[PDB]
Amino acid sequence: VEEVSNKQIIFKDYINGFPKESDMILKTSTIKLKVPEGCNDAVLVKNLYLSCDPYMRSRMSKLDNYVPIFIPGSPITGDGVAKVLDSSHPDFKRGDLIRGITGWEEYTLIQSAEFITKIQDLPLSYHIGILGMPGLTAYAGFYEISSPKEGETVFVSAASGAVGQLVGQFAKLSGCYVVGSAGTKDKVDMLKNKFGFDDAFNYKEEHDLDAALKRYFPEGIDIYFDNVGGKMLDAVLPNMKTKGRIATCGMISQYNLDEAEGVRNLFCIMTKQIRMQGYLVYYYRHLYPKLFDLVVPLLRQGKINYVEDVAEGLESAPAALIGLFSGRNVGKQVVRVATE
Ligand SMILES: NC(=O)c1ccc[n+]([C@@H]2O[C@H](COP(=O)([O-])OP(=O)(O)OC[C@H]3O[C@@H](n4cnc5c(N)ncnc54)[C@H](OP(=O)(O)O)[C@@H]3O)[C@@H](O)[C@H]2O)c1
């Protein structure tokens, strides 16, 4: 039984405002590469990829919190891809590749097993992106929540991100006219060139968001896929069509504010008869087969594209997570901990 070093990213303590790299601490611990005797229904894994996700910011402040907080002194946890080294669980065996909740470290003794699934060709990292939680988020928000119909107009914010880039391609599959906003020229070019968006604009260079939306949506928006909230959401509301739908997926412009911004155009919910509906992807896990059945053939034919941002090494993970809130990532942010 080899006992080896185990680098970990430890959560320091609760924060306010924007997260900093000193809120996460590199610690070198030790681990024996065997499931402990008397420790049952557990899986010991070597972590291969880690996902960086905006919701992780909310785990860094103590609040009624919608996701359980990080524990100070303990490793950051989140979605990852890992290889089973040893198992006391009947459904996992040495060599299996899994996806699910694991530790921000080289090796994790996963004690529940509820939060992991065995990986069924495509890049391993896809299982925490288009074939994982962000892909399921895009599928549930667009197809289940938004009720898209052929010919409808669709606006997507954070459109080059892990979720948004898929929403735009689903909208094209549905025969919709789709526009996205993103924060750099490169992201805007990628929206039109690889994600098949009909148009796109850099919201950071638009001094009048209402005017920008009217450029692209002269007769209004049928479906707004909201990833950002805040001023963008407020500009969208008067530009919705009657009976338009807003899929409230996230509001990343708010996650680092002590006081959330006021949204002032909600009267448009009445005047435009809008259905604004939020959702949490965990309540849609039963749709994973429907996601796979749709996107796996398209990926194989190269008819749907997925762009990832791969940070190299566990030590790069804190900066990769902080970069989400400045738009440093181009596509789905992942961390490569080890090859395998
Ligand atoms: N409901 C659910 O269950 C669920 C599940 C997963 C994700 N979500 C939400 O979905 C949204 C997108 O997630 P993702 O994983 O795809 O992240 P992502 O788009 O891959 O990365 C985050 C992006 O947010 C944009 N951003 C950051 N700060 C911003 C600001 N102040 N204003 C506008 N845009 C900003 C940046 O893109 P730009 O360069 O374009 O600014 C950045 O690249 C997030 O709000 C997340 O919380 C919800």
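All residue numbers in this chain count up from 1 along the given sequence. Basis for what follows: all heavy atoms, side chains included, without hydrogens, waters or symmetry-related copies. Read the numbers this way: they start at 1 and go in the same order the structure lists the ligands and their atoms.
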Quiz item: Could an N or O of ligand 1 be found under 3.5 Å from any N or O of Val281, whether backbone or side chain?
Solution: yes
Quiz item: Hey, what's the ring geometry for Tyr126 with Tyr306, parallel, tilted or perpendicular (30° and 60° as the breaks)?
Solution: perpendicular
Quiz item: Which residue holds the protein heavy atom closest to atom 22 (C) of ligand 1, what is that atom called, and what is the gap in Å?
Solution: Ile252 CD1, 3.6 Å
Quiz item: Tell me: protein heavy atom nearest atom 4 (C) of ligand 1, and distance?
Solution: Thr137 CG2, 3.6 Å
Quiz item: Are the ring centres of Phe142 and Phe225 closer than 6.0 Å?
Solution: no
Self-check item: Heavy-atom nearest neighbour in the protein, as seen from atom 43 (O) of ligand 1, with distance rounded to 0.1 Å
Solution: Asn329 OD1, 2.7 Å
Quiz item: So, is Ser181 polar-close to ligand 1, with some N/O to N/O distance under 3.5 Å?
Solution: no
Quiz item: With only distance considered, is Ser326 within less than 3.5 Å of ligand 1 through an N or O on each side?
Solution: no
Exercise. Please determine if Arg99 forms a cation-pi arrangement with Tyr288, meaning its NZ or CZ atom is less than 6.0 Å from the six-membered ring centre and no more than 45° off the ring axis.
Key: yes
Practice problem: Say whether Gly164, considering both its backbone and side-chain N or O atoms, lies within less than 3.5 Å of an N or O atom on ligand 1. | Solution: no
Exercise. Taking atom types as modelled, find out whether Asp226 and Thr248 have a side-chain donor-acceptor pair closer than 3.5 angstrom.
Key: no
Self-check item: Which residue and heavy atom of the protein sit nearest atom 16 (O) of ligand 1, plus the separation
Solution: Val163 N, 2.8 Å
Practice problem: Carefully, step by step, assess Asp293 and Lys290 under the rule salt bridge (charged side-chain N to carboxylate O under 4.0 Å, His left out). | Solution: CA-CA 5 Å; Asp293 284 353; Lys290 289 196 182 166; over 6 Å; no
Quiz item: Which residue holds the protein heavy atom closest to atom 27 (C) of ligand 1, what is that atom called, and what is the gap in Å?
Solution: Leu324 O, 3.4 Å
Quiz prompt | Same cluster (ILVMFWY, side-chain, under 4.5 Å), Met251 and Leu257 | solution = no
